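> Here come the first chain(s), positioned as in the complex:
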Amino acid sequence: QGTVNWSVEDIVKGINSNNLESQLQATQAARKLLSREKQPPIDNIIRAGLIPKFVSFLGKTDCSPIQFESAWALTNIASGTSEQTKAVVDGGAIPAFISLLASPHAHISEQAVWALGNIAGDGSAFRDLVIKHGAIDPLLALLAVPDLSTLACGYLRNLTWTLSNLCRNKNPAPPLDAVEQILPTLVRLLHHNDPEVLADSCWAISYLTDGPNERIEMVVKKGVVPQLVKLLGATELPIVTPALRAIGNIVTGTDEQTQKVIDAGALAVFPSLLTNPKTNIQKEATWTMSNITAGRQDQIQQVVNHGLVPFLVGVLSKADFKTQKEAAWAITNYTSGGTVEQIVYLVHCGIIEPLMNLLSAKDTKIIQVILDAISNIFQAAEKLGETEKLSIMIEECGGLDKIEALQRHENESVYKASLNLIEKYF
């Protein structure tokens, strides 16, 4: 209570003293400034040249209090800008914090986990540096227990959060050898009862799946897709969000990888996802659907069997534009690879009207994506001879009148398909 509101100069004065206690008091004061909720004087702490002195206190084993005070202190300094996080790493904090992971005091080792989390969370460079210092083995060792429930709640949460940061960022992506080293424990954290652990766990996965098919594969081969589909139907939005992102990334890969999420029973959840109150959930859901309709024909059939086509029509009809744009993509991929019988069913569900009303939108790309679909539908109509019957349906919903305007559009690729449609069919 007597270390509240110290001046930065006072903190340096006590730390520069030859008295261990005086240093401890000043260090605790420095922390209380950083933990003051309104704009802490980080830059001033750095320009004072204290960081190096804080890092050296992390080594004082005999005095565990100052270890905690300094770990806490540096943690907040590392939570700032990349320039401020760089200062902590420059002070030689990485190897010091990794040493604290073996500390007998859980509350101290938790700070090391917290700190290293901020450092790796900065970017790929520091992420890889934390890994090169050998921070993974210690971290994973802290979770080497029969049951995770016995571990402290907050302690388990921060550990998970730190691990998710070591799987974060893309350019470059985390070392393959490091990802394999963490996955097994990540799959274990993906079955824990705590929601915050499941959330961060799903985010960790969503990071790994984000990339080439080789990255997606090593995650799929761990057999987590089923667990993700289970989490995909959770009540907590914070949990469903990353789960949907993960599944959304897995379906961007091979059709075999895409088939795994179908076998898991993911499509049975989309009736809720495609009508989910939150707008972004619909956008992510529809985006995932577009990567499924772009697969095989038997895969497109799965979507038809689950009666998800009507939902795509509803989302194409009334939703946030961003979501409606994803809907257009879903239809386009659906009409390009789907059979005639499939495209027919799509039309009888009432896809035309809502697909024509989106031609009024002022987005250059969606128009291309739509017109492309229209061409694909006619492409099937010719195989039935009912190109005339289709033209009429488009004409009765003020569709032709809008294609007439796109026939004279600025973008070159637009008027190409438009004029080609007016001429060939109308």
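Arrived safely, thanks for sending. Numbers count the residues shown, from 1 in each chain, chains lettered A, B, ... in the order given.
> what's the distance between residue A:277 and residue A:236?
Look at residue A:277 and residue A:236: by CB to CB, to the nearest Å, they are 14 Å apart. Every residue, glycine included, has its C-beta placed from N, CA and C.
> Show me which of the two is the more surrounded one.
Of the pair residue A:277 and residue A:236, residue A:236 is the one with more neighbours under other CB atoms under 10 Å, namely 12 against 8.
> What are the boundaries of the helices in the stretch 251-400 of chain A?
For the stretch 251-400 of chain A, applying DSSP state H, counting those that start in this stretch gives helices covering A:255-264, A:270-273, A:279-290, A:297-305, A:309-317, A:321-337, A:340-348, A:352-356, A:364-381, A:387-395, A:400-406.
> Let me have these in a markdown table, extended by mean neighbour count.
Listed next are those as a markdown table, based on neighbours: other CB atoms under 10 Å:
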| stretch | mean neighbour count |
| --- | --- |
| helix A:255-264 | 18 |
| helix A:270-273 | 19 |
| helix A:279-290 | 22 |
| helix A:297-305 | 16 |
| helix A:309-317 | 21 |
| helix A:321-337 | 22 |
| helix A:340-348 | 17 |
| helix A:352-356 | 21 |
| helix A:364-381 | 20 |
| helix A:387-395 | 15 |
| helix A:400-406 | 16 |
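> Turn the ones you listed into JSON lines, columns for distance to residue A:163.
Formatted as JSON lines, the helices of the stretch 251-400 of chain A follow (distance: least, CB to CB, whole Å):
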{"stretch": "helix A:255-264", "distance to residue A:163": "24"}
{"stretch": "helix A:270-273", "distance to residue A:163": "27"}
{"stretch": "helix A:279-290", "distance to residue A:163": "23"}
{"stretch": "helix A:297-305", "distance to residue A:163": "33"}
{"stretch": "helix A:309-317", "distance to residue A:163": "35"}
{"stretch": "helix A:321-337", "distance to residue A:163": "31"}
{"stretch": "helix A:340-348", "distance to residue A:163": "43"}
{"stretch": "helix A:352-356", "distance to residue A:163": "44"}
{"stretch": "helix A:364-381", "distance to residue A:163": "38"}
{"stretch": "helix A:387-395", "distance to residue A:163": "53"}
{"stretch": "helix A:400-406", "distance to residue A:163": "50"}
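> what about residue A:32, neighbour count?
Neighbour count of residue A:32, defined by other CB under 10 Å: 18.
> same question but for residue A:81, I mixed them up
Neighbour tally, residue A:81, other CB under 10 Å: 11.
> Residue A:277 versus that one, what's the distance?
Distance from residue A:81 to residue A:277, by CB to CB: 35 Å.
> Let me know the distance separating the closest residue to residue A:80 other than its chain neighbours from residue A:17.
Spatial nearest neighbour of residue A:80, chain neighbours left out: residue A:42 (5.3 Å); criterion: CB to CB, 6 or more residues apart in numbering. Taking CB to CB as the measure, residue A:42 falls 23 Å from residue A:17.
> These two: which has the busier surroundings?
Comparing residue A:42 with residue A:17 by other CB under 10 Å, the one with more neighbours is residue A:42, at 19 against 13.
> Put this one in as chain B:
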Amino acid sequence: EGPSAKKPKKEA
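With chain B added, the chains above now look like this:
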């Protein structure tokens, strides 16, 4: 793209 990649421990 999810949660903040940096946490400051500033309790009350």
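> The neighbour count of residue A:81 again please, this time with chain B.
Neighbour count of residue A:81, defined by other CB atoms under 10 Å in any protein chain shown: 12.
> likewise residue A:234?
Applying other CB under 10 Å, we find 17 residues neighbouring residue A:234.
> Contact partners for it?
A:198, A:240, A:243 (CB atoms under 8 Å, 6 or more residues apart in numbering or on different chains).
> next one: residue A:358
Residues near residue A:358 by CB under 8 Å, 6+ apart: A:316, A:324, A:328, A:366, A:370.
> go again using 6 Å as the cut-off
By CB atoms under 6 Å, 6 or more residues apart in numbering or on different chains, residue A:358 lies in contact with residue A:370.
> And for residue A:414?
Counting by CB under 6 Å, 6+ apart, residue A:414 makes contact with A:367, A:406.
> Using PDB, list the CA coordinates for the helix or strand hosting it.
Element membership of residue A:414, judged by DSSP states H and E, is helix A:412-424. Only the C-alpha atoms of helix A:412-424 are listed here, as PDB (Å, rounded to 0.1, in the frame of the first residue of the first chain):
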ATOM      1  CA  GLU A 412     -14.500  -5.100 -69.200                       C
ATOM      2  CA  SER A 413     -15.200  -8.600 -67.900                       C
ATOM      3  CA  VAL A 414     -18.700  -7.600 -66.900                       C
ATOM      4  CA  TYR A 415     -20.200  -6.500 -70.200                       C
ATOM      5  CA  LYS A 416     -18.500  -9.500 -71.900                       C
ATOM      6  CA  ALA A 417     -20.700 -12.000 -70.100                       C
ATOM      7  CA  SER A 418     -23.700  -9.600 -70.200                       C
ATOM      8  CA  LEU A 419     -23.700  -9.000 -73.900                       C
ATOM      9  CA  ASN A 420     -23.000 -12.700 -74.400                       C
ATOM     10  CA  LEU A 421     -26.100 -13.600 -72.300                       C
ATOM     11  CA  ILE A 422     -28.400 -11.000 -74.000                       C
ATOM     12  CA  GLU A 423     -27.300 -12.300 -77.400                       C
ATOM     13  CA  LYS A 424     -27.200 -16.000 -76.800                       C
END
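> how much does it deviate in direction from helix A:364-381?
30 degrees (axes from the mean of the first three to the mean of the last three CA atoms, to 10 degrees).
> Just want the angle from helix A:412-424 to helix A:387-395.
With the same axes, to 10 degrees applied, the angle from helix A:412-424 to helix A:387-395 works out at 120 degrees.
> From the chain's centroid, how far away is helix A:412-424?
Taking CA atoms, centre = their mean, to the nearest Å, one finds the center of helix A:412-424 at 38 Å from the center of the full chain.
> Return the subset of the contacts of residue A:234 lying in helices.
Judged by DSSP state H, helices contain the following of the contacts of residue A:234: A:198, A:240, A:243.
> Near the second one, how many other residues are there?
The reference is to residue A:240. Neighbours around residue A:240, by other CB under 10 Å: 24.
> same deal with the last one?
For residue A:243, the tally of surrounding residues (other CB under 10 Å) stands at 28.
> What is the nearest of the contacts of residue A:234 to chain B?
Closest to chain B out of the contacts of residue A:234 is residue A:243 (11.1 Å), distances taken as CB to the nearest CB.
> Great, nothing more from me.
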